[PDB]
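Secondary and tertiary structure notes
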Amino acid sequence: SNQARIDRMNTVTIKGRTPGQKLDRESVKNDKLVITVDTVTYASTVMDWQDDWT
Amino acid sequence: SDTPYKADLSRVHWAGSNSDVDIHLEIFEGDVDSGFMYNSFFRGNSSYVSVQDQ
């Protein structure tokens, strides 16, 4: 392939309570990351036979 | 917020109607706090004379 993936996630929070009260809930969050490969790098050289023989 | 039982709770060691007077028992280990200690430093820094019974 030509892609890679990684995941991300958030954190939580704390609260306080007193007798007779209910408890609240919270929601976590997440995302993702992706990286791609695009370009090739190279070097080249060429020589002629007549120059090679001399 | 409130649970559906808030007004009808049975609370032990709360007196009176509405159960809001605190009559709990204290817990006592035995700790006692008092002033700090000291020891004299100047007793050899003088000339001494005794006049006991004379």
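Residues numbered from 1 in each chain as written, not as in the entry; some residues may be left out. Chains lettered and ligands numbered in written order. Part of a larger assembly, values for the part shown. Heavy atoms only, no water. Residues with missing side-chain atoms left out of burial classes, pairs and counts.

- Determination of this PDB entry was carried out by cryo-EM to a resolution of 3.04 Å, according to the record.

**With respect to the overall build of chain A**
- Check the secondary structure of chain A and you find 1 helix and 2 strands.
- Of the regular secondary structure in chain A, the N- to C-terminal order runs β-β-α.
- Relative to the 2.2 N^0.38 estimate, which gives 10 Å for 54 residues, the radius of gyration of chain A is 31 Å and therefore markedly larger than a compact globule would have.
- Taken along its principal axes, the extent of the C-alpha atoms in chain A is 100 × 15 × 10 Å.
- Long-range contacts, defined here as pairs at least 24 residues apart, represent 57% of the contacts in chain A between residues at least 6 apart.
- For chain A, the distance from the average site of its 8 positive side-chain charges to the average site of its 8 negative ones is 33 Å. (Helix = DSSP H or I, 4+ residues; strand = E, 2+ residues; numbered from the N terminus. Rg over C-alpha atoms; globule rule 2.2 N^0.38 Å. Contact = heavy atoms within 4.5 Å. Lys, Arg positive; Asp, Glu negative; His and termini not counted. Charge placed at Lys NZ, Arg CZ, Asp CG, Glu CD.)

**Regarding the packing of aromatic side chains**
- Evaluated as defined, the whole model comprises 1 aromatic pair over all chains.
- On the basis of an interplanar angle of 40° and a centroid distance of 6.4 Å, the ring pair of A:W49 and A:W53 is categorised as tilted.
- In this structure A:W49 comes out as exposed when scored by relative accessible area, which is 65%.
- Look at A:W53 and you get exposed, because its relative accessible area is 68%.
- For the cation-ring pair, B:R11 lies above B:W14, with the distance from its terminal atom to the ring centre recorded as 4.5 Å. (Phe/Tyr/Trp six-rings, centres within 6.5 Å; stacked < 30°, edge-to-face > 60°. Buried < 20%, exposed > 50% of the residue type's maximum accessible area, 1.4 Å probe, protein only. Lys NZ or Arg CZ within 6 Å of the ring centre and 35° of its normal.)

**A look at the environment of A:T54**
- If you trace the backbone, A:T54 turns up in the segment after α1 (49-52).
- Sequence separation between A:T54 and A:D38 is 16 residues, and the spatial gap between their C-alpha atoms is 42 Å.

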